[PDB]
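Numbering (the entry's author numbering), first residue to last: 71 to 131, 147 to 159, 164 to 290, 296 to 692.
From the three backbone atoms N, C-alpha and C, an ideal C-beta is built for every residue, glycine too.
Reviewing the structure listed below.
Spelled out as C-alpha cells, the structure:
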C-alpha cells in the first residue's frame, strides 16, 4: 500500500525521496458516472459481479480483484498468491468495495492513480462531464500505462481507445449508434497541454536517481514488474553515491563556462576505481529525469579513447611489449581500400608507444592493433576489449580502432574499462545499488559483474603510460591535478567525410570529445558533443582550443574531490624498469627507442 521510495547515499543518510508521484484524487463509487464504470468493466472484467474471485470461463473457454491485488504486494506461481489474496479479499470485501478500490488505486501513468485524478489530469474534467471516447481511453489506459500514455504514444493510445469502444459495443454496453458517434470524437481535443517538464514537476541527484531507477529493475527479484508499481511500495534503496562528489559534479556541470553554446552536451561518470561503485553521475546540464536523454549512459563515438583497449593494451598483454616499444609512423597508411592519416596530418618518424599513446597518433595505434592481430590472433583485440565490457556485435575494423563506426559506448562504460587499469586490471561493471530493504524488513543483496580483465603488469604499464598524457606534449597537458597521481586518455571523434561537405565544416571540426581519467581512488569519464550538427562548425569543436573543453570539467572536479594523500597505482613484481622504459620482467623488448616526440 502507497508510500514513496527512499534513496540513501554511501553513509546511510537519506538523500532523495521520490514524490511528485501523487496526482491521486479519491472517489466514491456512487460518484462515478455509469458510463465510466461500464467502460472499465467492458474492457477489464465484464462479468465482474458474477464470477467471484477468479474468472473460470476466461481461464478455460484477468479480473478486477486480481488486478487490485497484483498491483499491491507483487514468476511461476506467485500468480497463485495473487489468486489466494484475491480469494481472501473476495471473502472480506463486497464487489462494490473491490470495484471502488480498483478505481482508486490502479496506475494511470505520469504518477496518476485513480480514474478521478486520471481525468482531472489528462483532460482537466470532472468525471461527470467527460465524453465517451475520453471514457473509453481512460478505461483502456491502465492495462499497460507506459505504452498507452497519449503524451508518448498517441497512435497506440488511439488504438487502445478504439479497442475499448469495440469491447463496449460487443458487450452491448453501448448502442450501435453511440459507438459510431464516439469513434468520431477527437481524443486529443481536450487533452491538457503539457511539455515533459510539467509531466514531472535537490536536482544534483537527478542523474543518479535516473541511473538507480534503471539498475533497480535489472535484478532477478524485480525484473518483471513496473516502474510506477515498484517505487510506490515503500522500499529503501542504498547506493554508493557520495553526497558531496555528486553535488560537485552536477554544480560544476551546470555552472561551468566550458560550453560554446546552448546545444553543447555533457555526460560524466565517477566510479570508485577499486570497487566499480557508482560514486556520482551526471546525464547532462540541468538534467531532468524523464525529460532528458541521460548522456552519461547513452553511447557516443569514442574517438581515440579506445586505443588502450584495442591496440596498445592487448599488445602489452599478449606479446609483452615494453612501454618504449618502437613503432614507425607515417603521413598516410593503408588498411583495406581505405587511407588513414594522423589528426595533425604529419609523420613523426620512429616513436615510442609511450608517446604514441599519450599524444594519440593514429597510424602507430593502427600498426599496434595490426601487430596484436598477427602475434596473438585476429580475435585478440575483441577478447581484450570484451573483458572490459566493450563488446562488438560484428567485425572490428581499423575504424572502430580509431573510435569510429561500432565504437560507441557510454561514459559509464568507459569509466568501467578505465577503472580496470586504475586498480590492477580487475574489471567491475558499474553498479549504483548496494542493497534494497523492503517495506517489511527483508534485505535483497545486489551484486555486480567482476573479473580479471588483464594481468597486473598490463594494468600498471597502462596506468604509467597514461600518466604521460598530463605531461608536456600530452593530449591533456596542464589539466592534471597537482599532488594527485592520475593517468588519462583523451578522445577526439571526427565527422563522416561526407558530412564535412554537407555542412561546410572546417578541417579541425570534431563531433565528440572525451577525457577518461583515473586515480587510485576515482575513475572519471567525460564526454561532450552537440545535439545537432550545424553549418560551418557552429555546433562542433574546432581546434585543440575547443576540443579541450571536457578537460576543464575533469580538472575542476577531479581537483575538488581527489584526496592529496599521495597514493599511487600499485607496482607489480612483474614489471621491470621506469617510465618511459618499463618492460615485463624476464621478457624485455626486441624493438625499442629512447627517441622522444617533441
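Is it buried or exposed, residue 614, if we count other Cβ atoms within 10 angstroms and call 16 or more buried? Residue 614 should be labelled buried.
Using three-state DSSP, classify residue 415 as helix, strand or coil. In this structure, DSSP gives residue 415 a state outside helix and strand, which the three-state scheme calls coil.
Specify whether the region 367-375 and the region 504-524 touch according to this definition: at least 3 beta carbon pairs, one from each stretch, less than 8 Å apart. Contact annotation: the region 367-375 touches the region 504-524, with at least three C-beta pairs closer than 8 Å.
With distances taken from CA atoms, which of 195, 502, 687 and 314 is nearest residue 164? Closest option to residue 164, Cα to Cα, is 314.
Do residue 601 and residue 587 come within 8 Å of each other at the CB atom, strictly closer than that value? Remark: C-beta atoms of residue 587 and residue 601 do not approach each other more closely than 8 Å.
Using three-state DSSP, classify residue 159 as helix, strand or coil. Annotated three-state conformation of residue 159 is coil, per DSSP.
On the three-state DSSP scale, how would you describe residue 311? Residue state, collapsed to three classes: coil.
Where residue 231 sits in the DSSP three-state scheme: Note: residue 231 maps to coil in three-state DSSP.
I'd like the ranges of any beta strand (DSSP E) spanning at least 3 consecutive residues and lying wholly in the region 664-690. Note on the region 664-690: whole beta strand (DSSP E) runs with a minimum of 3 residues are 669-672 and 675-678, in chain order.
Tell me which residue opens and which closes the alpha helix (DSSP H) that residue 382 is part of. Taken as a continuous stretch (DSSP letters only), residue 382 belongs to no alpha helix (DSSP H), as it is neither H nor E.
Could you check if residue 452 is buried or exposed, using at least 16 other CB atoms within 10 Å of its CB as the buried criterion? Classification of residue 452: buried, given that the 10 Å Cβ count is 16 or more.
Would you decide whether residue 334 is buried or exposed? Buried here means 16 or more other CB atoms lie within 10 Å of its CB. Buried, because 16 or more other Cβ atoms sit within 10 Å of the Cβ of residue 334.
Which same chain residues end up closer than 8 Å to residue 626 when comparing Cβ atoms and leaving out the 5 residues on each side of it in sequence? Result list for residue 626: 357 and 633, in chain order.
Which of helix, strand or coil DSSP assigns to residue 358: Here residue 358 sits in strand by DSSP.
When the Cβ atoms of the region 651-666 are set against those of the region 385-395, are three or more pairs found closer than 8 Å? Contact between the region 651-666 and the region 385-395 is absent, with fewer than three C-beta pairs closer than 8 Å.
Whole angstroms is fine: what's the gap from residue 278's alpha carbon to residue 384's? Straight-line Cα distance between these residues: approximately 25 Å.
Residues in the same chain with beta-carbon distance under 6 Å from residue 673, minus the five sequence neighbours each way, listed in chain order, please. These residues qualify, in order along the chain: 558.
Nearest to residue 60 by alpha carbon, out of 395, 463 and 433? Summary: the structure shown does not reach residue 60, with the chain confined to residues 71 through 692, and so no result is reported for it.
Mind checking residue 127: buried by the 16 CB within 10 Å criterion, or exposed? Answer is exposed; the Cβ neighbour count stays below 16.
Three CB pairs or more closer than 8 Å across the region 299-310 and the region 526-537: A contact exists between the region 299-310 and the region 526-537.
Who does residue 608 pair with in a DSSP beta bridge? Answer by DSSP bridge pairing, in chain order: 585 and 621.
One question on the structure: do residue 505 and residue 620 come within less than 8 Å of each other, judged by their Cβ atoms? Going by C-beta atoms, residue 505 is nearer than 8 Å to residue 620.
Does the region 542-549 come into contact with the region 476-483, if we say contact requires no fewer than three beta-carbon pairs (one atom in each stretch) closer than 8 Å? Contact between the region 542-549 and the region 476-483 is present, because at least three Cβ pairs lie under 8 Å.
Hey, how far is the Cα of residue 500 from the Cα of residue 286? Approximately 33 Å, taken between the alpha carbons.
Find the nearest neighbour of residue 96 within the set 169, 174, 215 and 176, judged by alpha-carbon distance. When only C-alpha atoms are compared, the closest one is 215.
Leaving aside the five residues before and after residue 691 along the sequence, list all residues of the same chain whose C-beta is less than 7 Å from its C-beta, in chain order. Around residue 691, the same chain offers 442, 445, 449, 453 and 567 as residues with beta carbons nearer than 7 Å, after the five sequence neighbours per side are excluded.
Determine the extent of the alpha helix (DSSP H) in which residue 113 is found, giving its start and end residues. If you look at residue 113, you'll find it in the alpha helix (DSSP H) that goes 104-114.
Sorted by chain position, which residues of the same chain lie with C-beta nearer than 6 Å to residue 112's C-beta, five sequence neighbours on each side aside? Once the five neighbours on either side are set aside, the close Cβ partners of residue 112 are 256, 257, 260 and 262.
Which listed residue (87, 106 and 188) has its alpha carbon closest to that of residue 120: When each option's Cα is compared against that of residue 120, the closest is 188.
Spatial distance of residue 676 from residue 417 (CA atoms): Each residue's alpha carbon lies about 5 Å from the other.
Kindly indicate which three-state DSSP category residue 388 falls into: helix, strand or coil? Three-state result, residue 388: coil.
Give me the residue from 123, 129, 397 and 158 with the minimum Cα distance to residue 151. Measuring from the Cα of residue 151, the nearest candidate turns out to be 123.
Check for me: the alpha helix (DSSP H) holding residue 209 runs from which residue to which? Where residue 209 is concerned, the enclosing alpha helix (DSSP H) stretches over 204-211.
Within this structure, are the beta carbons of residue 395 and residue 466 separated by less than 8 Å? Not a contact, by the Cβ cut-off of 8 Å.
Assign residue 158 to buried or exposed, taking buried as 16 or more other Cβ atoms, counted over all protein chains shown, within 10 Å of its Cβ. Exposed is the call here.
From the DSSP output, in three-state form, read off residue 186 for me. Annotated three-state conformation of residue 186 is helix, per DSSP.
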